[PDB]
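To start, the structure under review is shown below, and the notes come after it.
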Amino acid sequence: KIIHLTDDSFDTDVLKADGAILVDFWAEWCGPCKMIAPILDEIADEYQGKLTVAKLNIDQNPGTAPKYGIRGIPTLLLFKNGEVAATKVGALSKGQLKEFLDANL
Amino acid sequence: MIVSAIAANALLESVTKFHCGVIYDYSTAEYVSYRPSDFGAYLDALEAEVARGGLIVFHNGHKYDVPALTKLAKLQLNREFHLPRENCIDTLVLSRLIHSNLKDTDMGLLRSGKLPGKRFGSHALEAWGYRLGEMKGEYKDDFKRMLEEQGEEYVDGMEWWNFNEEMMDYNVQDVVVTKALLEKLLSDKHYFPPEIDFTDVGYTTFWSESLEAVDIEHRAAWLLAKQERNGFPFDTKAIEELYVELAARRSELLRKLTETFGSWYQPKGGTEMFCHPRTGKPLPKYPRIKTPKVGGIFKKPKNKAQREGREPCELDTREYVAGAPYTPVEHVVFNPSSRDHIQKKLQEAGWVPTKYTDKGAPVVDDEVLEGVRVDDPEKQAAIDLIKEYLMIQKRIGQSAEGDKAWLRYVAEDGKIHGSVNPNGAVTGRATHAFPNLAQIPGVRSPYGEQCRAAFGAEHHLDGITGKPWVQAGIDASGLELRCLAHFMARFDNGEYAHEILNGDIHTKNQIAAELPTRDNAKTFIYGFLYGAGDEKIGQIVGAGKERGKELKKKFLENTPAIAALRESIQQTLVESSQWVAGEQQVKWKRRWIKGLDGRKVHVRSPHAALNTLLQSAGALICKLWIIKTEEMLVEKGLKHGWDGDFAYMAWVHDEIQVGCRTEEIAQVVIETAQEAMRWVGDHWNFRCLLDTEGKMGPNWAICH
DNA sequence: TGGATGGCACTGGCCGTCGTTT
DNA sequence: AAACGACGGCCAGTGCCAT
C-alpha cells in the first residue's frame, strides 16, 4: 500500500495523481526515520482509500528533496491533488499522526 | 652599564616620533627622564656610555630600540646615530637563551594565577613583570579604561599616538622591570660567573667573562634583525600570475568533482542520543537528534468557544510536534578540501579505511589516498583530481589567500620582511614567521620552481645602476652526520669522521645496516638517529617491527661508536622510565645536555636526546658560521645592505641566501663562507672537517 | 611501545550573544 | 520568561611544507 519513488516517477505519481498523498522523506541512517516507518505501516493500512503513503529515500534520489527544502528528517509532506497542502517534521506517534491526517483532508 | 627603554609612536616600519625615554645608571644609582624635546640629550647620554666603554641594556633593543633610534635620529635630529653592537645588551635575547623552556616553568605560574593566560610562555617585558612581581599595571589599560572616564572611544593601537605624562611613568615602570629582569638573568651562575660583578664591568670584560653562548646569541640577534630589515626581494607579478593559473585550475577541478560526487544531506545539530524505539537503550552509532519542546497540530485555545469545546481553534503552521524526534540535517555540496567529505564519499564507494586517528576519524592524507581503490572507475579516477586539488589549495593558501600569504606581506619596497626568532626552538635553531620564509615549497615539489623563482635578488634593481642583483646560495654540506662524527670520535678516534671525508657515508651505513639500496640507507640513518620505532624502520624495506629490530641491532653491532654514544647520553640523563597507556613516563638525572658554546640545551624525551644533541650542534655551528661569514665579508671591505655590496636575505637552518650587487661579489661571498666554516671548525676543535657548497644565480630556484 | 622542530591553512563541533516567536 | 534559530568567534583536530 506504500508507494516507493524515484526522482523520475515522482512527477507522474505524486504531482498529477488525484487524491491525497502523504510523502515521507527518509534516510537509512536516521534513527527517527526508522522508528516512524512502523507507524507509517499502520497508517498506510488504516487510511487506505482516503490517502496513499509514499516514501522517498533522499540518498538514492538526491534531486527531489532539495526542491522542498528538507531541514531535518523524517519529513512528512501532505500533497493534495498536486500541491503541498501541509508538512510535518518529526517521528510522530500513531496518535499524533492521526490528528494530522484528520485535520487536512 | 646603564638600563633603558623608550616609547615611540609606532612599530619600526612606520615610526616617526620619539616620545620619551628613561636611563637608569648603575654608577649614580638614579633614573633620569627624557621628554619629546629631550631626545637630543637622550641620544647624547647613550653615546657617553659608549665613550666610557660601557654597556647599554635594552629589552628587545636589537630588533626595535637601537634601529628605531637610528631611524628617529635621522628624520628628527638629522644626526647619525649608530650604537656599536659590542656595547648593547638585550634582555629579550638573554631571556630566550637562559629560559628556553618557559613553556613548562610557566605551567606552575598558570595554575597559581600569578601569570595571566594570554602571557603564557611570553618573553615580553610585561610577562616578565608578572614573573618577577614588578607588575603594578599595563599602560594600554590605564589608557583604555581611563578613556571611558573621559568619553572618547578607542582605535586598535592608539595609546601611542601622543606623549602624555601617564606614558612617561609607565616608561619608568618598564625600566625597573628591565633592570630586575637583567639582575634575575645575571644571577644565573651557569652563564655569568660569580667572581665577577657584571653590573659593573666594561663591555670587553662582559663578553669575555660570560659563557660563550651569551656573545653568540647577541651577535646572532643583531645580524638577524639586520636581515629582517634587508628583506627578501619578491616578484609580485609572477605570484599574482600564478594565482590566476591556479584559481582557474581550482575551479575546473571543483566543477568536475561536484559532477562525480554531488550533494547530499548529513546530520548537523543533533544534541541528544537517539534511543531504541522498543527497548529505550541509547544507540551511539546513530546521528544525534533533536526533541522539540513545543509544537502541535492545533493552536491551544484562548477563546470562550474553545475554552471547553466548541468552535474550531486554528491549525498549527509550525512544522515540529513537541515529542516527536527528528534528525536535523544540512544539504552540503562536495568540498574537496574536506577530509571528512573525502572519507565519506570514498567509503560509500567501497573503501574500507585501515588506519584511524586517536579521535576515531579515518586517516585521509596523501599517503593513504595514493593507495585507495574502489570499483567505481569514475570514483577511482577522481581520487587523483582530489590529490591535485588539495595541493592546489595548499599553494594558493600559502601564496595568496591565507592570513599569512606572501601577497599579503609584500611591502612597497617590493620585498618580504620575514621576522625571525634567532633562538626560537629548544635546540637553539631559529624559527621563522610572518611569513615563514623557511617553508617555501622546494623546486622539487609541484609549482615549487615558480614559487622559489619569485624570491630572488634579481627582483631587486640596484639603486645606482638600475641593474638586477645577483644571488649566492650557500649550504653547509651534510652537517648533521658530520656533527654525529664529531661526537663519536670520542669512542672511535675519528674513524667515522674519516668515513665522511673519504666520501659515500651512505654507502658505508648501507653496508653496516645491510640495506638493499643506497636510498634506503639515507632514509634509515635519519630515521634511526632521531628515534624511529622498529616498525617505521622495518617499513623502509617493506616490512614491520620484526625486520626493524634486526635492522637496528645489525647497524649498532657494525657501528659500535654510535651504540656507545647513545648509551652515554642515556646514562647521563635518565634514571628510569616506564610506559603507561601509550605515553613514556621518565625520571631524569638531569634534563639538559651541554651545547657547543656552553648553554644548557633542554631535552624533551630520551628517544630524541641524540637528535637534540645534533640539531643543537648544527644550529650553533650555523649560527657562528653566518656570523663569522658576515664578519669576514665586512672585514674584507664589503658593505652590508642594499645601498652596499651584499645583503643577507634568508637563513634557513643549514643554508643562507645572500643578495650580491655583482657576480664577482657573489664569488667572494661563496669563498668567504667556506673560509668561515673552516674557522668555526677549528674554533671549537671539531673532530670532523666541515664544508660548504655555493651556487650563484638570479633567484632561490637556481641557488638550490 | 615514538622522526624531530616549527609555522599555518581549513573544516567543523561547541558555546556565548542577539533578536525573535509561543 | 522559554527557547527556536540564524549568526559568529574560538579552538582542537589534521595534515602539509621546510630543514
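Because only heavy atoms are used, hydrogens play no part in the values below, and waters and symmetry mates are left out as well, while side chains stay in. Letters A, B, ... mirror the listed sequences (proteins, then strands); counts begin at 1.
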Phosphate OP1/OP2 of D/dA18: any B/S445 side-chain N/O under 4.0 Å: yes
Give the table of side-chain donor-acceptor pairs shorter than 3.5 Å for residues 288-297 of chain B, with sequence neighbours excluded, one pair per line with atom names and distance.
unit_1	atom_1	unit_2	atom_2	d
B/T291	OG1	B/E272	OE1	3.1
B/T291	OG1	B/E272	OE2	2.8

Under-4.0 Å side-chain N/O to phosphate OP1/OP2 contact, B/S605 with C/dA4: no
Per B/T431 side chain, nearest of listed nucleotides C/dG6, D/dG15, C/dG3: C/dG6
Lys/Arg cation over aromatic B/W651: B/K623, 6.0 Å, 45° cone: no
Qualifying salt bridge (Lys or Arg N to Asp or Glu O under 4.0 Å) pairs, either residue in residues 435-450 of chain B, two or more places apart: none
Contacts of B/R547 that satisfy side chain to side chain contact (heavy atoms under 4.5 Å, CB included) - sequence neighbours left out: B/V541, B/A543, B/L551
For DNA chain C, the residues among residues 388-397 of chain B that have a non-hydrogen atom under 4.0 Å from it: B/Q393, B/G397
Euclidean distance, atom NE2 of residue B/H607 to atom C1' of C/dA4 [Å, nearest integer]: 8 Å
Those residues that, when tested against B/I702, pass side chain to side chain contact (heavy atoms under 4.5 Å, CB included) (two or more places apart): B/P698, B/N699
Sugar-phosphate only, base, or nothing, as touched by B/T612 at under 4.0 Å among non-hydrogen atoms: nothing
Selected nucleotide, minimal atom distance to B/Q439 side chain, candidates C/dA4, C/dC10, C/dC8: C/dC8
Between C/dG2 and D/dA18 - P atom distance, rounded Å: 27 Å
B/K404 NZ to C/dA9 P, straight-line distance once rounded to whole Å: 6 Å
Separation between the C1' atoms of C/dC18 and D/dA1, rounded to whole Å: 16 Å
Residues touching DNA chain C, which here means a heavy atom under 4.0 Å, drawn from residues 318-330 of chain B: none
For atom OH of B/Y409 and atom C1' of C/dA9, their distance in whole Å: 14 Å
Identity of whatever pairs with C/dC18 - Watson-Crick or G-U, under 3.5 angstrom: D/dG5
Sugar-phosphate only, base, or nothing, as touched by A/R71 at under 4.0 Å among non-hydrogen atoms: sugar-phosphate
Donor-acceptor pair, side chain of B/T357 and main chain of B/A361, under 3.5 angstrom: yes
Atom pairs, protein N/O to nucleotides 7-9 of chain D N/O, distance under 3.5 Å:
none

Options C/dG7, C/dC10, C/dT5, nucleotide nearest the side-chain atoms of B/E401: C/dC10
B/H432 aromatic ring stacked with six-membered ring of C/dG6, 5.5 Å and 30°: no
Nucleotide C/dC10, atom P - distance to CD of B/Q398 in whole Å: 11 Å
Nearest to side-chain heavy atoms of B/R604, which nucleotide of C/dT5, C/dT11, C/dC8: C/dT5
Partners passing side chain to side chain contact (heavy atoms under 4.5 Å, CB included) against B/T517 (at least two apart in sequence or in another chain): B/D519, B/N520
Separation of atom CG in B/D358 from atom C1' in C/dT1, rounded to whole Å: 16 Å
Value in whole Å for how far the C1' atom of D/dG15 lies from CG of B/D340: 15 Å
Side chain of B/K545 (C-beta onward), nearest among C/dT5, C/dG13, C/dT1: C/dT1
Aromatic contact, B/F555 with B/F524 (centres under 6.0 Å): yes
N/O donor-acceptor pair, side chain B/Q584 with base C/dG2, under 3.5 angstrom: yes
Summary of ring-ring contact (aromatic ring centres under 6.0 Å, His included) pairs that have at least one residue in residues 417-453 of chain B, sequence neighbours excluded: B/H432-B/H653
Salt bridge (charged side-chain N to carboxylate O under 4.0 Å, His left out) partners for B/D340, two or more places apart: none
Aromatic plane relationship, B/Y530 with B/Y526 - under 30° parallel, 30 to 60° tilted, over 60° perpendicular: tilted
Qualifying residues under salt bridge (charged side-chain N to carboxylate O under 4.0 Å, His left out), relative to A/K88, sequence neighbours excluded: none
Base D/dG13 paired with B/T357 side chain (donor-acceptor, <3.5 Å): no
Side chains of residues 401-408 of chain B: which donor-acceptor pairs under 3.5 Å do they make with residues two or more places apart or in other chains?
unit_1	atom_1	unit_2	atom_2	d
B/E401	OE1	B/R250	NH1	3.0
B/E401	OE2	B/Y243	OH	2.8
B/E401	OE2	B/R250	NH1	3.1
B/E401	OE2	B/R250	NH2	2.7
B/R408	NE	B/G402	O	2.7
B/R408	NH2	B/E401	O	2.9

